[PDB]
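Working notes for the structure below.
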Amino acid sequence: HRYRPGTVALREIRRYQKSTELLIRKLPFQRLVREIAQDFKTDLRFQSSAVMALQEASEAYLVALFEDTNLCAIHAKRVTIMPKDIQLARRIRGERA
Amino acid sequence: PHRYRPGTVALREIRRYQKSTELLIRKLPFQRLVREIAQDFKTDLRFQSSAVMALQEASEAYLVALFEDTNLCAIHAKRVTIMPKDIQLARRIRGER
Amino acid sequence: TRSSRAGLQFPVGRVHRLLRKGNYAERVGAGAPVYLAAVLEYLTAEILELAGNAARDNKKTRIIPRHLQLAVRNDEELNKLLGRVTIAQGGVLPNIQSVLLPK
Amino acid sequence: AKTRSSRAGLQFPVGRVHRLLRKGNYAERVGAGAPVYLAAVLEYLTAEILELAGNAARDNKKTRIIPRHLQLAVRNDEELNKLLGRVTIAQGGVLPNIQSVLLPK
Amino acid sequence: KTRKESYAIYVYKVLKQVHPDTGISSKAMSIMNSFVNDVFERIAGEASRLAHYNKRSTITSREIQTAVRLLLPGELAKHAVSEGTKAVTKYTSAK
Amino acid sequence: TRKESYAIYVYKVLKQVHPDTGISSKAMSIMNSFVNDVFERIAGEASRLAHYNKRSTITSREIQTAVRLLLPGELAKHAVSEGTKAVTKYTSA
Amino acid sequence: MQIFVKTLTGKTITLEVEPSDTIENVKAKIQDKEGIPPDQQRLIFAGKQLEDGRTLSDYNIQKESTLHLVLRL
Amino acid sequence: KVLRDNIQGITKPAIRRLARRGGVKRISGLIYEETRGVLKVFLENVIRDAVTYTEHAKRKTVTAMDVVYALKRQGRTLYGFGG
Amino acid sequence: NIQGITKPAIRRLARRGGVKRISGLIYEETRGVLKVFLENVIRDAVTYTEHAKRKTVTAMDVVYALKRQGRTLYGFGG
DNA sequence: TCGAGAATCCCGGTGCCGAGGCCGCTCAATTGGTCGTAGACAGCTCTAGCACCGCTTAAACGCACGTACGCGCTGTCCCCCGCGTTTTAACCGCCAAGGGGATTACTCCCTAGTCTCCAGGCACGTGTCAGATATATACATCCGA
DNA sequence: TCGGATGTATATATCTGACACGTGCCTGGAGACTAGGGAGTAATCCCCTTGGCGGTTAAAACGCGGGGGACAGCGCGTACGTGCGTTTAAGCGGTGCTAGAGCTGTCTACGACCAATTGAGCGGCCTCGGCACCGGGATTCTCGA
């Protein structure tokens, strides 16, 4: 059969709110971190635990930002998030100039 | 009998009040409010004038910043007049309780 | 010793040494470490009691960081205290906005 | 000469900074080149702020600097706004801005 | 073979005193270590700042009490103050 | 009794930069507070880093890194250039 | 004999009918008093669907019954 | 001596002026009361700190410099009164 | 390289927050935001290890850089 | 509402590694004692915070009137969402090599500490001119035609 | 689309009180010397990071049908902006007074330093049962009727 749009989303929401594991694959994140840090100094070595800590911090920050974006989106009588909501949330937070 | 259209005098006052620099709230009501508030914590307190002046300056700055953020939220919500829900949304996004 | 004289669990000599070597003041009193140790023990006892209760609810005998996260976030004073700190492998409180729910 | 400030060709006092650093309980032993560096940094920052404030006062044809000029100089420079994003100054005022769609058609 | 000291044993003692039959994982122990260190550093820094602000060179129990009253919210502040004064009185009673 | 301030030095810097301008007392207090705050921030961060690296003394390198951490890029490099120039001028004679 | 009918908007409709009232008849009644074209209505009584050629009593429909309708589009 | 009904001292036109400083054009009817609450909470924090400082100094007069300390604690440093 | 942050990973991250109907270029926006955040924290950590006179970035540097920005992290000995 | 199809939670068995405990050891906490000074206490003086009253007028309050904006209804068009098929690279397991993080021993020179001398900066005092106040005029702008 | 009316930017005198500057004197900063401990430097170990190969399988990527959501046009009635007369309390200005902040002397109990000592806390080892994984059935929603 077929499910109506909006049910699998709720099931995924429950499943991911219940669990506690990371969602971004380790290898691409490590490659991105090394590439970003390449500019500031050449031939740098990274311990695994530092990459793990950076991963956790990024996950937490992104989750909080998406929370605020969802709040703004439901505020303007909508259900879908669009970039202007991210811009508004970041501006009010005091991060962006 | 000339009658200015709504919003013109408001804009003129907007420019006038952003031009100047002096404080807005009067003195004696603020002093009485401060004394009444401080009465609860400990009885028979005496205040220096500069302390009340600094409290007034800080309060005015905080209130102006909050009103600016409220206006930003309201203009985002496709309206022109601000409403209390905008105030509480700004307070929630700022991280206050 | 000195912990026994006060009926404390946290060390007193360690706190005294850390205060002296922590370049906080030229001289330190003889009562401050006892007070600080008592405060620390009270706070950790509260946190542990809450975490243990949360783990008891889930029918497990060992505490994992998610139990600490739940215990911290459920209480409101403790949440106010730890307002700007993230816990590794913690999770998120399970809430859903009212509008999103189907009719 | 005699004073240490003239040795480095600076205006801010070196001995005063050294004494404050020693008595401020920051470290058991303080070096000998730190006060010069700190005084130079402070002098540079003060010179930048004063130059911007003087230019702002010049634009308003007044020969004396009031706190409004300092507020305008700080808030009109992006980096200087960044450094003091959590600081308010008395009598400063606000920048004269208005939203776009708020203006009359 | 560096002698890295920690707070594991005392936290375990407190846990056993409060809950008899309960175990704890290593990650939770590290979490508690970090939390205790952070709270200690906050309280000590605030007390030292206040003592230097009052132009006195000795830090005593009153400074600690005031710092505790400042940092923690109402209920926890009052409970911690009561526990601290009780412990100080018990310690000074004996010798 | 005596009340230390930063009057003569700020006035001298103002005279050096703009020869024919004057300032009022409130601006003086504002500048004094700003200088004190910057001093406190830099000194505290440098001491914290020095004890962080288990070192028992504070030297010019610690302040250089503190300035690099605090001030954003362009004026940070300007300030470190000024500091190095001052240090070499002082140690030369 | 009278029956109540439940819609999706929470409004109950009271209609007088008889056991001989075929599904054609009752559907015509709903169309007349409510303006709903007949092709948009599905009826469920006692959890069962119905064929238009039958009559009311064929599903053992008694008086005071509660019959649910579903709008199909 | 007891004091009461001082919150109403913040008049409506003063609040309108404060809003006009920030860049607002139109004002709803029900906002004013709401604002009169928020400001209160603000004060109820900072004074609570300042008095405590006066408790430690063993004094009876609240000094502006203590208010500067209390404002500094909340991360809203203010310039113009020393320290 | 920055493309390596896959779109379904972003969808899962947003689903943890509790969004229902994702649409648009929020993927690109999120990639930019993440790049900026990583740039800042990596710069701070690199400065710390540069002063430390070492060639391997350790966990303490990252923990301390996060501490500076008022984003304290628990669970790595810091 | 309602009935069938999946999706999910509860139940029972099996295996394995991280936690709880035990043992042996080393350096930091305890004990006893001396010596110096930070601060509590008592006192004295002088300022500014409180309370007071009168007069003025600019500011706040209440009321009419009008019109522009928040809100609900409706219609259209299209952009994600659920699902099935093909493609790919993450991860686990394993093995080799080696750079540099961490210790240990040795040597030197940089800063705290001491005293003596004297000049830079502080409070005090005074003169004067830049800006606020008050007045008068030409230019820009706004709402009815 | 103009034209009368209104608010505003500018030109001008003027008087005052706040700002720039001269003076005397007091205390913190500069000069010469000591000594000892912390930091730079050299050598060595071995541990953790980098690098690569094979495979498998789960997740990623791609394409399609459709329905529910976002957005624009339109009507309405109600709440807020503007103007005016009346009422009211803020603000300026002299006077009294004392409670309380700030500085000075004293002496005293409390904390830093130090020699001897011993046991509390940390590194290393081993052992098992609570938790991870897998197979199975009852339960509960969810879409087409």
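Ligands are numbered from 1 in the order shown, residues from 1 within each chain, and chains are lettered A, B, ... in the order they appear in the structure tokens.
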
Could the residues of chain G that have an atom at most 10 Å from chain K be listed as a tab-separated table, each with its closest atom pair and the distance in Å to one decimal, counting only C-alpha atoms (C1' of nucleotides) and ordered by chain and ascending residue number?
```
residue	atom	partner	partner_atom	distance
G:42	CA	K:145	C1'	9.0
G:44	CA	K:145	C1'	9.4
G:47	CA	K:145	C1'	10.0
G:48	CA	K:145	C1'	9.1
G:49	CA	K:145	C1'	7.7
G:70	CA	K:145	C1'	9.9
```

| said: Give me, as a PyMOL selection string, the residues of chain A touching chain C, with the criterion being at most 12 Å (counting only C-alpha atoms). | reply: chain A and resi 4-7+9-11+13-23+52-61+63-64+67+70-71+73-75+77-80

With the cut-off set at 9 Å and counting only C-alpha atoms, tabulate each residue of stretch 22-78 of chain C with an atom at most that distance from an atom of stretch 66-77 of chain E, showing the nearest atom pair and its distance in Å to one decimal, ordered by chain and increasing number, as a tab-separated table.
```
residue	atom	partner	partner_atom	distance
C:39	CA	E:68	CA	8.5
C:43	CA	E:76	CA	8.5
C:77	CA	E:73	CA	6.7
C:78	CA	E:76	CA	8.9
```

Practice problem: Give the residues of chain D that lie within 9 Å of chain J; count only C-alpha atoms (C1' of nucleotides), and format the answer as an NGL selection string. | Solution: :D and (29-32 or 63-64)

### Message
Distance limit 9 Å, atoms considered: only C-alpha atoms (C1' of nucleotides). Which chain K residues sit that close to chain F? Return them as number ranges by chain.
### Response
K: 18-19, 38

Report as JSON lines: every residue of chain K with an atom at most 8 Å from chain B, its closest pair of atoms, and their distance in Å to one decimal, counting only C-alpha atoms (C1' of nucleotides), with rows sorted by chain and ascending residue number.
```
{"residue": "K:81", "atom": "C1'", "partner": "B:6", "partner_atom": "CA", "distance": 5.5}
{"residue": "K:82", "atom": "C1'", "partner": "B:3", "partner_atom": "CA", "distance": 7.1}
{"residue": "K:83", "atom": "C1'", "partner": "B:3", "partner_atom": "CA", "distance": 7.9}
{"residue": "K:90", "atom": "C1'", "partner": "B:28", "partner_atom": "CA", "distance": 7.7}
```

What's around residue B:13 at 10 Å? Count only C-alpha atoms (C1' of nucleotides), leave out sequence neighbours fewer than 6 positions away in its own chain, and write the answer as an mmCIF file with N, CA and C atoms, in the first residue's frame.
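Saved the output as result_32.cif:
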```cif
data_model
loop_
_atom_site.group_PDB
_atom_site.id
_atom_site.type_symbol
_atom_site.label_atom_id
_atom_site.label_comp_id
_atom_site.auth_asym_id
_atom_site.auth_seq_id
_atom_site.Cartn_x
_atom_site.Cartn_y
_atom_site.Cartn_z
ATOM 1 N N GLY B 7 0.707 57.843 10.534
ATOM 2 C CA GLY B 7 2.039 57.355 10.258
ATOM 3 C C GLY B 7 3.058 58.422 9.917
ATOM 4 N N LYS B 19 17.446 60.943 16.904
ATOM 5 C CA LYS B 19 18.472 61.976 16.812
ATOM 6 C C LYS B 19 19.048 62.326 18.180
ATOM 7 N N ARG H 17 7.344 56.515 23.814
ATOM 8 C CA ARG H 17 8.595 57.152 23.410
ATOM 9 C C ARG H 17 9.737 56.145 23.362
ATOM 10 N N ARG H 20 9.437 54.234 20.324
ATOM 11 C CA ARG H 20 9.755 55.050 19.159
ATOM 12 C C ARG H 20 11.255 55.230 18.985
ATOM 13 N N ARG H 21 12.028 55.155 20.069
ATOM 14 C CA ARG H 21 13.479 55.213 19.912
ATOM 15 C C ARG H 21 13.994 54.027 19.106
ATOM 16 N N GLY H 23 12.587 52.178 16.781
ATOM 17 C CA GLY H 23 12.174 52.086 15.402
ATOM 18 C C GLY H 23 10.817 51.455 15.141
ATOM 19 N N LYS H 25 6.662 51.628 14.459
ATOM 20 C CA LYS H 25 5.703 52.512 13.809
ATOM 21 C C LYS H 25 4.319 52.453 14.443
#
```

(request) Define the interface residues of chain J facing chain B as those within 10 Å, counting only C-alpha atoms (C1' of nucleotides), and report them as a PyMOL selection string. (result) chain J and resi 48-50+67-70+142-144

Requested write-out: N, CA and C atoms (P, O5', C5', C4', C3', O3' and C1' of nucleotides) of the selected residues, as an mmCIF file, in the first residue's frame:
```
data_model
loop_
_atom_site.group_PDB
_atom_site.id
_atom_site.type_symbol
_atom_site.label_atom_id
_atom_site.label_comp_id
_atom_site.auth_asym_id
_atom_site.auth_seq_id
_atom_site.Cartn_x
_atom_site.Cartn_y
_atom_site.Cartn_z
ATOM 1 P P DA J 48 29.549 64.986 49.908
ATOM 2 O "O5'" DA J 48 28.216 64.202 49.499
ATOM 3 C "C5'" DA J 48 27.946 62.920 50.064
ATOM 4 C "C4'" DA J 48 26.489 62.796 50.490
ATOM 5 C "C3'" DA J 48 25.466 63.428 49.545
ATOM 6 O "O3'" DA J 48 24.281 62.648 49.546
ATOM 7 C "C1'" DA J 48 25.201 64.337 51.665
ATOM 8 P P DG J 49 24.110 61.387 48.566
ATOM 9 O "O5'" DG J 49 22.943 60.543 49.262
ATOM 10 C "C5'" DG J 49 23.120 60.069 50.590
ATOM 11 C "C4'" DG J 49 21.797 59.977 51.334
ATOM 12 C "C3'" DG J 49 20.546 60.037 50.478
ATOM 13 O "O3'" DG J 49 19.525 59.286 51.117
ATOM 14 C "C1'" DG J 49 20.617 61.934 51.889
ATOM 15 P P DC J 50 18.075 59.102 50.453
ATOM 16 O "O5'" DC J 50 17.099 59.748 51.539
ATOM 17 C "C5'" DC J 50 17.249 59.391 52.904
ATOM 18 C "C4'" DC J 50 16.486 60.343 53.805
ATOM 19 C "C3'" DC J 50 15.065 60.672 53.347
ATOM 20 O "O3'" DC J 50 14.160 60.444 54.410
ATOM 21 C "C1'" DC J 50 16.259 62.654 53.852
ATOM 22 P P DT J 67 -12.022 59.211 6.471
ATOM 23 O "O5'" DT J 67 -10.801 58.227 6.176
ATOM 24 C "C5'" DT J 67 -9.597 58.350 6.923
ATOM 25 C "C4'" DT J 67 -8.935 56.997 7.109
ATOM 26 C "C3'" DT J 67 -9.141 56.017 5.953
ATOM 27 O "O3'" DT J 67 -7.975 55.221 5.796
ATOM 28 C "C1'" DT J 67 -9.893 55.037 7.914
ATOM 29 P P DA J 68 -6.846 55.615 4.724
ATOM 30 O "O5'" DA J 68 -5.659 54.587 5.036
ATOM 31 C "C5'" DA J 68 -4.907 54.713 6.240
ATOM 32 C "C4'" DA J 68 -4.782 53.382 6.973
ATOM 33 C "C3'" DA J 68 -4.370 52.185 6.126
ATOM 34 O "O3'" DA J 68 -3.691 51.267 6.956
ATOM 35 C "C1'" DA J 68 -6.444 51.740 7.055
ATOM 36 P P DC J 69 -2.248 50.690 6.558
ATOM 37 O "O5'" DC J 69 -2.159 49.335 7.404
ATOM 38 C "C5'" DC J 69 -2.304 49.381 8.820
ATOM 39 C "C4'" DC J 69 -3.093 48.191 9.343
ATOM 40 C "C3'" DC J 69 -2.706 46.835 8.760
ATOM 41 O "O3'" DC J 69 -2.745 45.869 9.786
ATOM 42 C "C1'" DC J 69 -5.002 47.180 8.454
ATOM 43 P P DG J 70 -1.633 44.717 9.866
ATOM 44 O "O5'" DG J 70 -2.344 43.581 10.734
ATOM 45 C "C5'" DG J 70 -3.001 43.926 11.944
ATOM 46 C "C4'" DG J 70 -4.112 42.942 12.271
ATOM 47 C "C3'" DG J 70 -3.792 41.482 12.007
ATOM 48 O "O3'" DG J 70 -4.433 40.676 12.979
ATOM 49 C "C1'" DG J 70 -5.573 42.178 10.590
ATOM 50 P P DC J 142 7.436 64.732 2.902
ATOM 51 O "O5'" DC J 142 5.906 64.810 3.352
ATOM 52 C "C5'" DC J 142 5.567 65.395 4.604
ATOM 53 C "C4'" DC J 142 4.140 65.914 4.590
ATOM 54 C "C3'" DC J 142 3.169 65.105 3.733
ATOM 55 O "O3'" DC J 142 1.913 65.018 4.381
ATOM 56 C "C1'" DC J 142 3.170 67.343 3.016
ATOM 57 P P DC J 143 1.036 63.677 4.263
ATOM 58 O "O5'" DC J 143 -0.441 64.213 3.977
ATOM 59 C "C5'" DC J 143 -1.088 65.047 4.928
ATOM 60 C "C4'" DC J 143 -2.085 65.973 4.254
ATOM 61 C "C3'" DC J 143 -3.122 65.282 3.369
ATOM 62 O "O3'" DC J 143 -4.368 65.955 3.476
ATOM 63 C "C1'" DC J 143 -1.904 66.821 2.082
ATOM 64 P P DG J 144 -5.544 65.065 2.840
ATOM 65 O "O5'" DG J 144 -6.361 66.129 1.942
ATOM 66 C "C5'" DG J 144 -7.174 67.125 2.611
ATOM 67 C "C4'" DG J 144 -7.234 68.374 1.767
ATOM 68 C "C3'" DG J 144 -8.171 68.289 0.563
ATOM 69 O "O3'" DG J 144 -8.873 69.516 0.394
ATOM 70 C "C1'" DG J 144 -5.978 68.799 -0.165
#
```

- Quick one: which residues from chain J are at most 8 Å off chain A, using only C-alpha atoms (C1' of nucleotides), as a VMD selection string? chain J and resid 81 to 82 90

For the selection just defined, write its residues with N, CA and C atoms (P, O5', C5', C4', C3', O3' and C1' of nucleotides) to a file, as a PDB file, in the first residue's frame.
```pdb
ATOM      1  P    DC J  81       9.689  16.809   2.120  1.00  0.00           P
ATOM      2  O5'  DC J  81       8.812  15.499   1.847  1.00  0.00           O
ATOM      3  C5'  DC J  81       7.401  15.546   2.010  1.00  0.00           C
ATOM      4  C4'  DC J  81       6.765  14.192   1.734  1.00  0.00           C
ATOM      5  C3'  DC J  81       7.566  12.986   2.204  1.00  0.00           C
ATOM      6  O3'  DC J  81       6.675  11.984   2.659  1.00  0.00           O
ATOM      7  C1'  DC J  81       7.242  12.841  -0.127  1.00  0.00           C
ATOM      8  P    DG J  82       7.149  10.899   3.742  1.00  0.00           P
ATOM      9  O5'  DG J  82       6.830   9.500   3.037  1.00  0.00           O
ATOM     10  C5'  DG J  82       5.494   9.185   2.672  1.00  0.00           C
ATOM     11  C4'  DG J  82       5.460   8.210   1.509  1.00  0.00           C
ATOM     12  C3'  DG J  82       6.273   6.931   1.714  1.00  0.00           C
ATOM     13  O3'  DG J  82       5.476   5.798   1.412  1.00  0.00           O
ATOM     14  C1'  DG J  82       6.850   7.960  -0.345  1.00  0.00           C
ATOM     15  P    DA J  90      33.589   6.917   2.021  1.00  0.00           P
ATOM     16  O5'  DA J  90      32.786   6.490   3.336  1.00  0.00           O
ATOM     17  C5'  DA J  90      31.777   5.493   3.248  1.00  0.00           C
ATOM     18  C4'  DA J  90      31.376   4.992   4.623  1.00  0.00           C
ATOM     19  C3'  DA J  90      32.401   5.199   5.708  1.00  0.00           C
ATOM     20  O3'  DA J  90      31.756   5.108   6.972  1.00  0.00           O
ATOM     21  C1'  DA J  90      32.425   2.928   4.937  1.00  0.00           C
TER      22       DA J  90
END
```

*Secondary structure check, helix (DSSP H, G or I) residues of chain B, as a ChimeraX atom specification*: /B:8-19,28-41,49-76,84-94

Show me a table, sorted first by chain and then by increasing residue number, of the residues of chain D having an atom at most 9 Å from chain K, each with its shortest atom pair and the distance in Å to one decimal, counting only C-alpha atoms (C1' of nucleotides) and written as JSON lines.
```
{"residue": "D:2", "atom": "CA", "partner": "K:30", "partner_atom": "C1'", "distance": 6.6}
{"residue": "D:3", "atom": "CA", "partner": "K:30", "partner_atom": "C1'", "distance": 7.1}
{"residue": "D:4", "atom": "CA", "partner": "K:30", "partner_atom": "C1'", "distance": 8.7}
{"residue": "D:15", "atom": "CA", "partner": "K:29", "partner_atom": "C1'", "distance": 7.1}
{"residue": "D:16", "atom": "CA", "partner": "K:29", "partner_atom": "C1'", "distance": 8.8}
```

Taking only residues of chain F that have an atom at most 9 Å from an atom of chain J, what is each one's shortest atom pair and its distance in Å to one decimal, using only C-alpha atoms (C1' of nucleotides), in chain and number order, as JSON lines?
```
{"residue": "F:2", "atom": "CA", "partner": "J:122", "partner_atom": "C1'", "distance": 6.7}
{"residue": "F:3", "atom": "CA", "partner": "J:122", "partner_atom": "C1'", "distance": 8.2}
{"residue": "F:4", "atom": "CA", "partner": "J:122", "partner_atom": "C1'", "distance": 8.7}
```

Close residues, stretch 31-39 of chain I itself excluded, 12 Å, only C-alpha atoms (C1' of nucleotides), min 4 positions apart in chain, as an NGL selection string:
(:A and (29-30 or 32-40 or 51 or 53-63 or 65-66 or 83 or 86-87 or 90 or 95-96)) or (:I and (1-7 or 9-10 or 25-27 or 43-46 or 62 or 65-66 or 69))

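In this structure, the chain K residues at most 10 Å away from chain H are residues 79, 80, 81, 100 and 101 of chain K, with only C-alpha atoms (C1' of nucleotides) considered.
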
Serialized selection, N, CA, C and O atoms (P, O5', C5', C4', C3', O3' and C1' of nucleotides), as a PDB file, in the first residue's frame:
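Below you can see result_17.pdb, which holds the result:
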```pdb
ATOM      1  P    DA K  79     -12.013  45.859  18.445  1.00  0.00           P
ATOM      2  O5'  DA K  79     -10.486  46.217  18.755  1.00  0.00           O
ATOM      3  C5'  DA K  79      -9.457  45.678  17.937  1.00  0.00           C
ATOM      4  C4'  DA K  79      -8.587  46.781  17.358  1.00  0.00           C
ATOM      5  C3'  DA K  79      -8.020  47.765  18.384  1.00  0.00           C
ATOM      6  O3'  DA K  79      -6.637  47.969  18.140  1.00  0.00           O
ATOM      7  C1'  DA K  79      -9.111  48.941  16.652  1.00  0.00           C
ATOM      8  P    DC K  80      -5.671  48.481  19.319  1.00  0.00           P
ATOM      9  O5'  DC K  80      -4.926  49.739  18.675  1.00  0.00           O
ATOM     10  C5'  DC K  80      -4.214  49.590  17.454  1.00  0.00           C
ATOM     11  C4'  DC K  80      -4.140  50.907  16.703  1.00  0.00           C
ATOM     12  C3'  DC K  80      -3.489  52.060  17.473  1.00  0.00           C
ATOM     13  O3'  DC K  80      -2.656  52.810  16.599  1.00  0.00           O
ATOM     14  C1'  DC K  80      -5.623  52.704  16.751  1.00  0.00           C
ATOM     15  P    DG K  81      -1.427  53.668  17.181  1.00  0.00           P
ATOM     16  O5'  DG K  81      -1.469  55.021  16.327  1.00  0.00           O
ATOM     17  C5'  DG K  81      -1.318  54.975  14.910  1.00  0.00           C
ATOM     18  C4'  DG K  81      -1.820  56.258  14.262  1.00  0.00           C
ATOM     19  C3'  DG K  81      -1.287  57.547  14.876  1.00  0.00           C
ATOM     20  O3'  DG K  81      -1.064  58.519  13.861  1.00  0.00           O
ATOM     21  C1'  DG K  81      -3.651  57.480  15.092  1.00  0.00           C
ATOM     22  P    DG K 100      21.918  55.227  60.299  1.00  0.00           P
ATOM     23  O5'  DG K 100      23.255  55.347  59.432  1.00  0.00           O
ATOM     24  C5'  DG K 100      23.204  55.953  58.149  1.00  0.00           C
ATOM     25  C4'  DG K 100      24.587  56.375  57.687  1.00  0.00           C
ATOM     26  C3'  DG K 100      25.677  55.301  57.817  1.00  0.00           C
ATOM     27  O3'  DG K 100      26.405  55.211  56.599  1.00  0.00           O
ATOM     28  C1'  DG K 100      26.412  57.325  58.736  1.00  0.00           C
ATOM     29  P    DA K 101      27.180  53.859  56.204  1.00  0.00           P
ATOM     30  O5'  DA K 101      28.419  54.375  55.333  1.00  0.00           O
ATOM     31  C5'  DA K 101      28.192  55.187  54.185  1.00  0.00           C
ATOM     32  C4'  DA K 101      29.324  56.182  53.987  1.00  0.00           C
ATOM     33  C3'  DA K 101      30.712  55.565  53.829  1.00  0.00           C
ATOM     34  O3'  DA K 101      31.455  56.276  52.848  1.00  0.00           O
ATOM     35  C1'  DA K 101      30.694  57.017  55.702  1.00  0.00           C
TER      36       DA K 101
END
```

Taking only C-alpha atoms into account, what are the residues of chain D at most 10 Å from chain H, put as JSON, numbers by chain?
{"D": [67, 84, 85, 86, 87, 88, 89, 90, 91, 93, 94, 95, 96, 97, 98, 99, 102, 103]}

Residues from last step as file, N, CA and C atoms, as a compact mmCIF listing (two decimals), in the first residue's frame:
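Saved result, again-v3.txt, follows:
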```
# COMPACT_ATOMS: atom_id res chain seq x y z
N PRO D 67 30.26 62.00 24.68
CA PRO D 67 30.12 60.54 24.54
C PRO D 67 29.41 60.10 23.27
N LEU D 84 33.37 45.24 21.18
CA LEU D 84 32.56 45.76 22.28
C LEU D 84 31.08 45.47 22.07
N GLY D 85 30.76 44.25 21.64
CA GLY D 85 29.38 43.89 21.38
C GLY D 85 28.52 43.76 22.62
N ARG D 86 29.14 43.57 23.78
CA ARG D 86 28.41 43.41 25.04
C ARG D 86 28.70 44.55 26.01
N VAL D 87 28.93 45.75 25.49
CA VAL D 87 29.27 46.91 26.31
C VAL D 87 28.38 48.07 25.90
N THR D 88 27.80 48.74 26.89
CA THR D 88 27.00 49.94 26.67
C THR D 88 27.68 51.13 27.31
N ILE D 89 27.52 52.30 26.70
CA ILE D 89 28.13 53.54 27.17
C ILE D 89 27.03 54.57 27.39
N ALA D 90 27.13 55.29 28.51
CA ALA D 90 26.11 56.26 28.87
C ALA D 90 26.04 57.40 27.86
N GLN D 91 24.83 57.88 27.62
CA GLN D 91 24.53 59.02 26.74
C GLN D 91 24.89 58.76 25.29
N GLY D 93 23.36 56.90 22.76
CA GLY D 93 22.30 56.92 21.77
C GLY D 93 22.31 55.69 20.89
N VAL D 94 21.61 55.81 19.75
CA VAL D 94 21.43 54.71 18.82
C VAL D 94 21.73 55.20 17.41
N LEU D 95 22.08 54.26 16.53
CA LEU D 95 22.36 54.61 15.15
C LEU D 95 21.06 54.94 14.41
N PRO D 96 21.08 55.92 13.51
CA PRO D 96 19.85 56.32 12.82
C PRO D 96 19.49 55.41 11.65
N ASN D 97 18.81 54.30 11.92
CA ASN D 97 18.39 53.38 10.86
C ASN D 97 16.89 53.15 10.92
N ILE D 98 16.32 52.82 9.76
CA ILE D 98 14.90 52.55 9.61
C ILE D 98 14.74 51.38 8.64
N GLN D 99 13.81 50.48 8.95
CA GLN D 99 13.54 49.36 8.06
C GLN D 99 12.97 49.84 6.73
N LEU D 102 8.95 49.74 6.12
CA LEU D 102 8.29 50.63 7.06
C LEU D 102 8.10 52.03 6.48
N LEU D 103 8.99 52.44 5.58
CA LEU D 103 8.92 53.76 4.99
C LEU D 103 7.68 53.89 4.11
```

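Nearest-residue note for residue F:30: choosing from F:58, F:7, F:67, F:80, the minimum distance belongs to F:7, counting only C-alpha atoms.
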
Expected answer as a PDB file with C-alpha atoms, in the first residue's frame: strand (DSSP E or B) residues in chain G:
```
ATOM      1  CA  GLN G   2     -35.769   8.104  13.128  1.00  0.00           C
ATOM      2  CA  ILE G   3     -32.010   7.691  12.666  1.00  0.00           C
ATOM      3  CA  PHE G   4     -29.021   9.883  13.505  1.00  0.00           C
ATOM      4  CA  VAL G   5     -26.149  10.191  11.032  1.00  0.00           C
ATOM      5  CA  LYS G   6     -22.619  11.277  11.968  1.00  0.00           C
ATOM      6  CA  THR G  12     -25.414  14.885  13.672  1.00  0.00           C
ATOM      7  CA  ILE G  13     -28.319  14.768  11.216  1.00  0.00           C
ATOM      8  CA  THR G  14     -31.744  13.496  12.284  1.00  0.00           C
ATOM      9  CA  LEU G  15     -33.771  11.803   9.540  1.00  0.00           C
ATOM     10  CA  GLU G  16     -37.127  10.035   9.601  1.00  0.00           C
ATOM     11  CA  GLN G  41     -21.553   9.513   0.287  1.00  0.00           C
ATOM     12  CA  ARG G  42     -20.540   6.187   1.835  1.00  0.00           C
ATOM     13  CA  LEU G  43     -22.643   4.759   4.672  1.00  0.00           C
ATOM     14  CA  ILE G  44     -21.541   2.478   7.521  1.00  0.00           C
ATOM     15  CA  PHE G  45     -23.916   0.943  10.064  1.00  0.00           C
ATOM     16  CA  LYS G  48     -20.771  -2.883   7.323  1.00  0.00           C
ATOM     17  CA  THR G  66     -26.241   5.863  14.635  1.00  0.00           C
ATOM     18  CA  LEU G  67     -25.001   5.621  11.041  1.00  0.00           C
ATOM     19  CA  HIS G  68     -21.667   7.111   9.976  1.00  0.00           C
ATOM     20  CA  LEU G  69     -21.109   8.673   6.569  1.00  0.00           C
ATOM     21  CA  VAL G  70     -17.838   9.298   4.739  1.00  0.00           C
ATOM     22  CA  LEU G  71     -17.362  11.898   2.010  1.00  0.00           C
TER      23      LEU G  71
END
```
